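Worksheet for the structure shown next.
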Amino acid sequence: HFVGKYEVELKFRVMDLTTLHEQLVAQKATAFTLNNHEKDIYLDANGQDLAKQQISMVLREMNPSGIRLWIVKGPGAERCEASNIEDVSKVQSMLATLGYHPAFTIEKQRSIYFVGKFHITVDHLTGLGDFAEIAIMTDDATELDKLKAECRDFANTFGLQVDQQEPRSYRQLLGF
Amino acid sequence: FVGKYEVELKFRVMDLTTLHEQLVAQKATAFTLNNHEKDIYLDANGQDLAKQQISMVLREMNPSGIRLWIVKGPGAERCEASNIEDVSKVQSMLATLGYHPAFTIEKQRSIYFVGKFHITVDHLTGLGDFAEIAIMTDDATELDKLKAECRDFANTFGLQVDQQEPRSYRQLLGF
Ligand SMILES: Nc1ncnc2c1ncn2[C@@H]1O[C@H](COP(=O)(O)OP(=O)(O)OP(=O)(O)O)C[C@H]1O
Ligand SMILES: Nc1ncnc2c1ncn2[C@@H]1O[C@H](COP(=O)(O)OP(=O)(O)OP(=O)(O)O)C[C@H]1O
Ligand SMILES: [Mn+2]
Ligand SMILES: [Mn+2]
C-alpha cells in the first residue's frame, strides 16, 4: 500500500467529522492505524540545507501501532520516500553524525484508512483543528495529474469540498 | 552489537588452522559463518564525509540475509548501524540527500563470540586473511578500560603485535 517515490496528496480542513466517519463505514474503509499518537521529529543541517532544497526529513514514531519511519519528502512537490526503521534514536544519532539535527517536532493524532487504491488520513492537531489527507503513492510520473484529480473526486465523496483544501503543510501551519 | 563505539584491534592472520584451534579452545560461539559481505560506500560529490573522517556503508551479507546501514566516524572508534529492510530504498533516500556510491569493498566474513568479545575472521581477495577482536560500548568514558581488555584478550588468544594492522579496509585498498 505504501509503494513509490511519488505521493500525490490533498489536505482538507474537516468541517464535519461525523459525515467523514459515516462515509468511511459506507465505503467499507479498512483501518490501517487507529487514533495513533504520531510524533515527527524534523531534521535539517545547521544552515537549513534541506529546506533550501524543498526537502523535509522526518523521523516518525506512531503509538500504539509501533510503526517507526524515516521519511524524506522532496525535493519539491510530490516526491516522497520512506523506510521502516527499528529505532528512532539510533537513526537520529546516525543522522546527527552526518550533520542533521532536530529542527522542530510536530505531534498529532492520526487514523489511517484504505479504500481501494486510496489512503485517507484523519488527523487532529491541538490548537489547529481537524484535517483529512487523501493520497496515493506511485512510481510513475506520467499519471500524477490524473491521480490528483481522482483524489479530489474521492475526497468530495466524504464531504471534503474543493473549498476546504489546505495547500500549507503542517510545518508551515505551525510556523516552522 | 549495542553501542556507538566499536573498540577493535585488527591483525593479519598467518595461520588459519591455529586461529581455528585458538577459537575452539576458548569455546567460541559461531554467530555468522562464511558470509559474502558487499559494502557500498557512499559520499557526497565533494567527498564531504571522507574529509570529516566519516564513512557511510550499505552492507549486504549473504546467505545470512542481513542488510545494514552503517555510519562510521569521525575517527576509527565511533560506529553505529541500523538494520534495514530494503537496501535500494535507503540508497535512493540517501541519494536524495546528496550521497552516492563511491566504491565497493567485498569480503568473506565469519563472526564468533567469546563472552563479551567479538572475533571477526575476514578474507579479502589479494590482501589475505585478517581477524579483529572487538567490544561495543555506548559509553565513551570506558573506551580506555575496553581497549586494554581487547589487548589482554588478543594476547591470551595469540594474536601478536607484529601482526597488527592499524589501517581500515578502505585505507588498505586505497579508497
Ligand atoms: N507505514 C508507511 N510505510 C511507508 N511509507 C509511509 C507509511 N506511512 C506514511 N508513509 C509515507 O510517508 C509520508 C509521510 O508524510 P505525511 O504523513 O503526509 O506528513 P504530514 O504529517 O501529513 O505532514 P504534511 O503537512 O503532509 O507535510 C506520506 C506517506 O506516503
Ligand atoms: N549484525 C549486526 N547488527 C548491527 N551491527 C553490526 C552487525 N554486524 C556488524 N555490525 C557493526 O557494524 C560495524 C561495521 O564496521 P566493520 O565491520 O569493522 O567494518 P570493516 O568492513 O571491518 O572495515 P574496517 O577496516 O574495520 O573499517 C561493526 C559493528 O559495530
Ligand atoms: Mn501529509
Ligand atoms: Mn572492522
Side-chain angles (χ1 to χ4, degrees), chain A residues 1-11 32-33 36 38-40 42 56-58 60 62 65 67-74 78-86 90 106-108 110 112 119 121 123 125 128 131-138 166-174 176, chain B residues 1-10 31-32 35 37-39 41 55 57 59 61 64-73 76-86 89 105-107 109 111 118 120 122 124 127 130-132 134-137 165-173 175:
Chain A
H1 247 287
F2 296 105
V3 183
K5 74 190 159 178
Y6 299 105
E7 180 212 1
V8 177
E9 185 200 323
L10 301 174
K11 182 201 306 298
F32 174 64
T33 57
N36 271 227
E38 289 211 346
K39 182 193 167 185
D40 291 347
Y42 283 71
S56 280
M57 184 162 66
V58 179
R60 168 168 298 169
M62 306 146 59
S65 69
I67 293 173
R68 281 105 179 77
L69 292 162
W70 173 38
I71 295 154
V72 172
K73 285 205 130 186
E78 326 222 264
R79 283 256 292 165
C80 185
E81 292 193 271
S83 189
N84 291 95
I85 63 177
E86 290 177 344
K90 172 54 65 173
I106 295 181
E107 284 182 44
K108 70 181 90 76
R110 169 175 272 178
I112 300 166
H119 320 334
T121 261
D123 300 350
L125 281 85
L128 249 208
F131 295 89
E133 300 201 320
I134 303 291
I136 302 174
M137 297 192 73
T138 180
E166 175 52 78
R168 286 171 290 178
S169 67
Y170 290 135
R171 160 192 192 148
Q172 290 158 5
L173 293 168
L174 291 163
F176 301 127
Chain B
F1 297 104
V2 195
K4 292 169 54 178
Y5 299 99
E6 192 194 26
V7 187
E8 16 143 49
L9 290 174
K10 187 153 112 197
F31 175 67
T32 49
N35 271 241
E37 290 199 350
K38 183 189 180 195
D39 283 352
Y41 282 70
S55 285
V57 178
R59 173 171 293 161
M61 284 169 260
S64 68
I66 300 164
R67 280 92 177 87
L68 300 173
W69 169 35
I70 305 161
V71 172
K72 285 190 276 175
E77 227 141 26
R78 306 204 101 213
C79 193
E80 291 184 279
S82 174
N83 277 264
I84 57 174
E85 193 187 311
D86 178 345
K89 174 54 70 186
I105 298 189
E106 299 194 11
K107 71 188 98 71
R109 171 166 276 181
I111 301 166
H118 314 170
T120 299
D122 291 336
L124 280 83
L127 290 168
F130 294 89
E132 322 181 313
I135 316 151
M136 291 276 268
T137 184
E165 181 43 79
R167 280 173 294 171
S168 64
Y169 289 127
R170 69 174 294 171
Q171 288 173 326
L172 296 162
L173 286 164
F175 293 127

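We count ligands from 1, going down the list as the structure has it; atoms in each ligand are counted the same way. By convention in this document, chain letters (A, B, ...) are assigned in the order of the sequence lines, proteins followed by strands, and residues within each chain are numbered from 1. Keep in mind that the numbers below use all heavy atoms, side chains included, and drop hydrogens, waters and symmetry copies.
A search for side-chain hydrogen bond (donor to acceptor under 3.5 Å, both in side chains) contacts involving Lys72(B) returns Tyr41(B), not counting sequence neighbours. In terms of the side-chain hydrogen bond (donor to acceptor under 3.5 Å, both in side chains) criterion, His118(B) has no residue partners (sequence neighbours excluded). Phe175(B) is linked by a ring pair (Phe, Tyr, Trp, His ring centres under 6.0 Å) to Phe103(B), counting only residues two or more places apart in sequence or in another chain.
Closest to atom 11 (C) of ligand 2 among all protein heavy atoms lies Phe1(B) CD2, 4.3 Å.
Under a 4.0 Å criterion applied to the non-hydrogen atoms of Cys79(B), ligand 2 contributes the atoms 13 (C), 30 (O). Residue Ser168(B) approaches ligand 2 through these ligand atoms, each under 4.0 Å from one of its heavy atoms: 25 (O), 27 (O). Atoms of ligand 2 found under 4.0 Å from any heavy atom of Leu68(B), numbered from 1 in the order shown, are 2 (C), 3 (N), 6 (C), 7 (C), 8 (N). Of all the atoms in ligand 2, the ones that sit under 4.0 Å from a non-hydrogen atom of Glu132(B) are 18 (O), 22 (O), 26 (O).
At a cut-off of 3.5 Å, with distance as the only test, no side-chain donor of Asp40(A) or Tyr170(A) sits close to an acceptor on the other residue.
The closest approach between any non-hydrogen atom of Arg168(A) and ligand 1 is not below 4.0 Å. Residue contacts with ligand 1 include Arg60(A), since one or more of its heavy atoms lies under 4.0 Å from the ligand. Under the 4.0 angstrom criterion for non-hydrogen atoms, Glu38(A) is not in contact with ligand 1. Within the structure, ligand 1 lacks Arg171(A) among the residues with a heavy atom less than 4.0 angstrom away. The shell of residues lying under 4.0 angstrom from ligand 1, judged by heavy atoms, includes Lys11(A). Using a non-hydrogen distance threshold of 4.0 Å, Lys108(A) registers as a contact of ligand 1.
Environment of NZ in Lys107(B): crowded, with over 12 heavy atoms of neighbouring residues, nucleotides or ligands closer than 6.0 Å.
Neither the backbone nor the side chain of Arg67(B) comes within contact range of ligand 2; no heavy atom lies under 4.0 Å. Residue contacts with ligand 1 for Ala82(A) involve side-chain atoms from C-beta outward but no N, CA, C or O (heavy atoms, distance under 4.0 Å).
If you look at the Mn ion (ligand 3), the protein N, O or S atoms less than 2.8 Å from it are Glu9(A) OE2, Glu133(A) OE1, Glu133(A) OE2.
Any N or O atom pair closer than 3.5 Å counts here, and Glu9(A) shares at least one such pair with ligand 1.
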